[PDB]
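Raw coords_20.csv, CSV, C-alpha atoms:
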```csv
chain,number,residue,atom,x,y,z
A,127,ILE,CA,121.0,-62.8,94.6
A,128,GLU,CA,118.9,-61.1,97.1
A,129,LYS,CA,121.1,-58.0,97.3
A,130,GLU,CA,121.1,-57.5,93.5
A,131,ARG,CA,117.4,-58.1,93.5
A,132,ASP,CA,117.2,-54.8,95.5
A,133,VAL,CA,119.9,-53.1,93.4
A,134,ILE,CA,117.9,-53.8,90.2
A,135,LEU,CA,114.9,-52.2,91.8
A,136,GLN,CA,117.1,-49.2,92.6
A,137,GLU,CA,118.1,-48.6,88.9
A,138,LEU,CA,114.6,-49.0,87.4
A,139,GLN,CA,113.9,-46.0,89.6
A,140,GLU,CA,117.0,-44.3,88.1
A,141,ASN,CA,116.3,-45.0,84.5
A,142,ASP,CA,113.0,-43.2,85.0
A,143,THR,CA,115.2,-40.2,85.2
A,144,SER,CA,117.3,-41.3,82.1
A,145,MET,CA,114.5,-39.9,80.0
A,146,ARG,CA,116.2,-40.8,76.8
A,147,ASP,CA,116.4,-44.5,77.5
A,148,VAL,CA,112.8,-44.5,78.5
A,149,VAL,CA,111.8,-43.5,75.0
A,150,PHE,CA,113.6,-46.3,73.2
A,151,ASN,CA,112.3,-48.7,75.7
A,152,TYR,CA,108.9,-47.4,74.7
A,153,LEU,CA,109.8,-47.4,71.0
A,154,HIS,CA,111.1,-51.0,70.9
A,155,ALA,CA,108.0,-51.8,73.0
A,156,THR,CA,105.6,-50.7,70.3
A,157,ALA,CA,106.9,-51.3,66.8
A,158,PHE,CA,107.9,-54.8,68.0
A,159,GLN,CA,104.8,-55.4,70.1
A,160,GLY,CA,103.9,-59.0,70.8
A,161,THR,CA,107.4,-60.3,70.2
A,162,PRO,CA,110.1,-61.0,72.8
A,163,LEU,CA,111.9,-57.9,71.4
A,164,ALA,CA,109.5,-55.5,73.0
A,165,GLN,CA,111.0,-56.6,76.3
A,166,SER,CA,113.3,-54.4,78.4
A,167,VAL,CA,116.8,-55.4,79.4
A,168,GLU,CA,116.6,-55.4,83.1
A,169,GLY,CA,113.1,-56.8,82.9
A,170,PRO,CA,109.9,-55.7,84.6
A,171,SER,CA,110.0,-55.1,88.4
A,172,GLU,CA,107.5,-58.0,88.7
A,173,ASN,CA,109.6,-60.8,87.2
A,174,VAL,CA,112.7,-59.6,89.0
A,175,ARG,CA,110.9,-60.2,92.3
A,176,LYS,CA,110.0,-63.7,91.1
A,177,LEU,CA,113.1,-64.9,89.3
A,178,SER,CA,114.8,-68.1,90.5
A,179,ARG,CA,118.2,-69.7,90.5
A,180,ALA,CA,116.9,-72.4,88.2
A,181,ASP,CA,115.7,-69.9,85.6
A,182,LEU,CA,119.2,-68.4,85.7
A,183,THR,CA,120.7,-71.9,85.6
A,184,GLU,CA,118.4,-72.9,82.7
A,185,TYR,CA,119.0,-69.6,80.9
A,186,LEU,CA,122.7,-69.8,81.5
A,187,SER,CA,122.9,-73.5,80.5
A,188,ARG,CA,121.5,-72.9,77.0
A,189,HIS,CA,122.9,-69.7,75.6
A,190,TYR,CA,126.6,-69.8,76.7
A,191,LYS,CA,127.6,-72.2,74.1
A,192,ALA,CA,130.7,-72.2,71.9
A,193,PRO,CA,129.1,-72.1,68.5
A,194,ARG,CA,127.2,-68.9,69.5
A,195,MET,CA,130.1,-67.3,71.3
A,196,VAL,CA,133.3,-65.4,70.3
A,197,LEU,CA,136.6,-64.3,71.7
A,198,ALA,CA,138.5,-61.3,70.4
A,199,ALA,CA,141.3,-59.0,71.4
A,200,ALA,CA,143.8,-56.6,69.9
A,201,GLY,CA,146.6,-54.3,70.8
A,202,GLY,CA,149.8,-55.8,72.0
A,203,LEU,CA,149.5,-59.5,71.2
A,204,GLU,CA,149.9,-62.3,68.6
A,205,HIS,CA,147.1,-64.5,67.5
A,206,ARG,CA,148.9,-67.7,68.7
A,207,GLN,CA,149.6,-66.3,72.2
A,208,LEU,CA,145.8,-66.6,72.4
A,209,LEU,CA,144.6,-69.7,70.5
A,210,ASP,CA,146.5,-71.9,72.9
A,211,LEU,CA,144.8,-70.2,75.8
A,212,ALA,CA,141.3,-70.9,74.7
A,213,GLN,CA,142.5,-74.3,73.7
A,214,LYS,CA,143.8,-74.4,77.2
A,215,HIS,CA,140.9,-73.0,79.2
A,216,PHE,CA,137.8,-72.9,77.0
A,217,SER,CA,138.3,-76.3,75.4
A,218,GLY,CA,136.1,-78.0,78.1
A,219,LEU,CA,133.1,-75.8,77.1
A,220,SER,CA,129.9,-77.4,76.1
A,221,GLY,CA,130.3,-77.3,72.3
A,222,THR,CA,127.0,-79.0,71.7
A,223,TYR,CA,123.4,-79.3,73.0
A,224,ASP,CA,120.4,-81.5,73.2
A,225,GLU,CA,119.3,-81.6,69.6
A,226,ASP,CA,116.1,-79.5,70.0
A,227,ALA,CA,117.4,-77.1,72.8
A,228,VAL,CA,119.1,-74.3,70.8
A,229,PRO,CA,116.5,-72.3,68.9
A,230,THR,CA,116.9,-70.0,66.0
A,231,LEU,CA,115.1,-66.7,65.4
A,232,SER,CA,111.6,-65.6,64.6
A,233,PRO,CA,111.4,-62.8,62.0
A,234,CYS,CA,110.4,-59.9,64.2
A,235,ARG,CA,107.7,-58.0,62.4
A,236,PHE,CA,107.3,-54.2,62.4
A,237,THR,CA,104.3,-52.2,63.5
A,238,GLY,CA,103.4,-48.6,62.8
A,239,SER,CA,102.1,-47.4,66.1
A,240,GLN,CA,102.2,-44.4,68.4
A,241,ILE,CA,102.8,-44.4,72.2
A,242,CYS,CA,102.7,-41.3,74.4
A,243,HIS,CA,103.3,-40.9,78.1
A,244,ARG,CA,101.6,-37.5,78.5
A,245,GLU,CA,103.3,-35.7,81.4
A,246,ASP,CA,102.9,-31.9,81.4
A,247,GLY,CA,104.6,-31.3,84.7
A,248,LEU,CA,108.1,-31.9,83.5
A,249,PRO,CA,110.6,-29.5,81.8
A,250,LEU,CA,111.0,-31.0,78.4
A,251,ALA,CA,109.5,-33.7,76.1
A,252,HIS,CA,111.8,-36.5,74.8
A,253,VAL,CA,110.5,-37.7,71.5
A,254,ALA,CA,111.4,-40.3,68.9
A,255,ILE,CA,110.1,-41.6,65.6
A,256,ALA,CA,111.4,-44.5,63.5
A,257,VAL,CA,110.6,-47.0,60.8
A,258,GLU,CA,111.5,-50.6,60.0
A,259,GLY,CA,115.2,-51.1,59.4
A,260,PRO,CA,116.4,-53.6,56.8
A,261,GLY,CA,118.8,-55.6,59.0
A,262,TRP,CA,122.5,-56.3,59.4
A,263,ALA,CA,123.4,-58.1,56.3
A,264,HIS,CA,121.5,-55.8,53.8
A,265,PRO,CA,124.1,-53.6,52.2
A,266,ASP,CA,122.0,-50.5,51.9
A,267,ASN,CA,122.9,-49.7,55.5
A,268,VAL,CA,126.0,-48.2,54.0
A,269,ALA,CA,123.5,-45.9,52.1
A,270,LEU,CA,121.4,-45.1,55.2
A,271,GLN,CA,124.3,-44.2,57.4
A,272,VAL,CA,125.1,-41.5,54.9
A,273,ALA,CA,121.6,-40.1,54.9
A,274,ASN,CA,121.6,-39.8,58.7
A,275,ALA,CA,124.9,-38.1,58.4
A,276,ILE,CA,123.3,-35.7,55.9
A,277,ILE,CA,120.8,-34.9,58.5
A,278,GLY,CA,123.1,-35.3,61.5
A,279,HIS,CA,122.7,-33.9,64.9
A,280,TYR,CA,122.8,-30.8,67.1
A,281,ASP,CA,122.7,-30.1,70.8
A,282,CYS,CA,122.6,-26.5,72.0
A,283,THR,CA,126.4,-26.1,72.2
A,284,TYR,CA,127.9,-26.2,68.7
A,285,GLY,CA,129.2,-22.8,67.7
A,286,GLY,CA,128.2,-23.2,64.1
B,2,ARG,CA,94.0,-20.7,71.1
B,3,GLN,CA,95.9,-23.8,70.2
B,4,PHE,CA,97.8,-26.8,71.6
B,5,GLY,CA,100.3,-26.0,74.2
B,6,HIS,CA,98.8,-24.1,77.2
B,7,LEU,CA,95.3,-25.5,77.5
B,8,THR,CA,95.5,-27.5,80.7
B,9,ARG,CA,97.6,-29.9,82.7
B,10,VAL,CA,98.0,-33.6,82.5
B,11,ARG,CA,100.2,-35.9,84.6
B,12,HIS,CA,101.0,-39.6,84.4
B,13,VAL,CA,98.7,-40.8,81.7
B,14,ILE,CA,99.7,-43.1,78.8
B,15,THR,CA,98.2,-43.4,75.3
B,16,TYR,CA,98.3,-46.5,73.1
B,17,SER,CA,97.3,-45.9,69.5
B,18,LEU,CA,97.8,-47.8,66.2
B,19,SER,CA,98.0,-47.0,62.5
B,20,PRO,CA,94.9,-47.7,60.4
B,21,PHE,CA,96.9,-49.7,57.9
B,22,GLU,CA,97.7,-52.2,60.6
B,23,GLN,CA,94.0,-52.9,61.2
B,24,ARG,CA,90.7,-53.6,59.6
B,25,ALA,CA,88.4,-50.6,59.2
B,26,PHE,CA,85.2,-52.3,60.3
B,27,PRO,CA,86.0,-54.9,62.9
B,28,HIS,CA,83.1,-56.6,64.6
B,29,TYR,CA,80.7,-54.2,62.9
B,30,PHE,CA,77.9,-56.8,63.1
B,31,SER,CA,79.0,-58.7,66.1
B,32,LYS,CA,79.5,-56.0,68.8
B,33,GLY,CA,77.7,-53.1,67.2
B,34,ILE,CA,74.2,-54.5,67.0
B,35,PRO,CA,74.0,-55.4,70.7
B,36,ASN,CA,75.4,-51.9,71.2
B,37,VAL,CA,72.6,-50.5,69.1
B,38,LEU,CA,70.1,-52.2,71.3
B,39,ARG,CA,71.7,-51.0,74.6
B,40,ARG,CA,71.9,-47.6,73.0
B,41,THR,CA,68.3,-47.9,72.1
B,42,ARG,CA,66.9,-49.2,75.4
B,43,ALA,CA,68.4,-46.2,77.2
B,44,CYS,CA,66.6,-43.6,75.0
B,45,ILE,CA,63.3,-45.2,73.8
B,46,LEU,CA,61.3,-44.6,77.0
B,47,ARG,CA,61.8,-40.9,77.1
B,48,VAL,CA,61.7,-40.2,73.3
B,49,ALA,CA,58.6,-42.0,72.0
B,50,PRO,CA,55.6,-41.3,74.4
B,51,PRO,CA,55.2,-37.8,73.2
B,52,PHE,CA,55.5,-38.9,69.6
B,53,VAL,CA,53.2,-41.8,70.6
B,54,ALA,CA,50.6,-39.4,71.8
B,55,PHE,CA,51.1,-37.4,68.6
B,56,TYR,CA,50.0,-40.4,66.6
B,57,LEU,CA,46.8,-40.4,68.6
B,58,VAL,CA,46.1,-36.6,68.2
B,59,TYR,CA,46.9,-37.0,64.5
B,60,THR,CA,44.4,-39.9,64.8
B,61,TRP,CA,41.6,-38.3,66.8
B,62,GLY,CA,42.1,-35.0,65.2
B,63,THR,CA,41.2,-36.2,61.7
B,64,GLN,CA,38.4,-38.6,62.8
B,65,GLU,CA,36.7,-36.0,64.9
B,66,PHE,CA,37.2,-33.6,61.9
B,67,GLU,CA,35.7,-36.1,59.4
B,68,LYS,CA,32.5,-36.6,61.5
B,69,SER,CA,31.8,-32.9,61.9
B,70,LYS,CA,31.3,-32.5,58.1
B,71,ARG,CA,28.9,-35.5,57.9
B,72,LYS,CA,25.3,-34.4,58.4
B,73,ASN,CA,23.3,-35.0,61.6
B,74,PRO,CA,19.9,-36.7,61.7
B,75,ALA,CA,17.8,-33.6,61.4
```
In structure tokens, write the structure found in this file.
Amino acid sequence: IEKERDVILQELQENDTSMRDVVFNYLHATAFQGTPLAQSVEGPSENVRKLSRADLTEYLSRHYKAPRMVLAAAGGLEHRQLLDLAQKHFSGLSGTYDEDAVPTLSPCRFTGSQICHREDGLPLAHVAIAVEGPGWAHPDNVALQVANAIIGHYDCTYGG
Amino acid sequence: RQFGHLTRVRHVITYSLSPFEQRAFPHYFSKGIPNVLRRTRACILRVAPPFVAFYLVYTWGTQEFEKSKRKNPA
């Protein structure tokens, strides 16, 4: 735990150089300000120097629960080579919880806001803009994936 | 001249919000009016006293003008 607590503080230094991922971490941080969703993935450097075994134990002991888990695989197998094996190994999993322990979601609102890390010394400027998305279930995602495809992409190498 | 080659900035961050996501006139009465006073106390001393003296030379200038037309005892 102490070693990784240094390794984590080695990659936050790295992702500063992964300039693309800095943008989305800023983007998610703004439009979803105030919610848990503005958080990073690796967490701030502060909390990583303060996190305990119990927080892991408490975090671990709540989310890894069968109703909110999945197993899947494909390629060379049959479905009943597998069902026995989770019936063998994962049957002892905690398939329940203390009645008020497993929360559901908050509707994460959307903000229209700008954020800018002005840095003139660097070569290039990574930029992003976006709006509220509908969600997973909403079927017009099949519409929007087309529209993005209409617009598309380009990076300095396509011979077109 | 335009944006792009004016001058240098390094390691500064800007946080700005839409207008639609906020009231136009927040704390217009609450925080403003104390700020009007603080704005006022910092100017009043070196703004008025000339204009104060003007009120006196607009004062004495007319009074002393009025008398001069009134006759003398002679």
Near chain B, which residues of chain A fall within 12 Å when you count all atoms listed in the file, and what do they look like as number ranges by chain? A: 152-153, 155-157, 159, 235-248
Correct to one decimal, the distance atom CA of residue A:182-atom CA of residue A:127 is 10.7 Å
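In this model, the gap between atom CA of residue A:225 and atom CA of residue A:188 comes to 11.6 Å.
Across the model, the gap from atom CA of residue B:40 to atom CA of residue B:27 is 18.8 Å.
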In the coordinates of the file, take the point (121.6, -57.1, 87.2) and a cut-off of 12 Å; then, counting all atoms listed in the file, name each qualifying protein, DNA or RNA residue as a list in words. residues 127, 128, 129, 130, 131, 132, 133, 134, 135, 136, 137, 138, 167, 168, 169, 171, 174, 177 and 182 of chain A
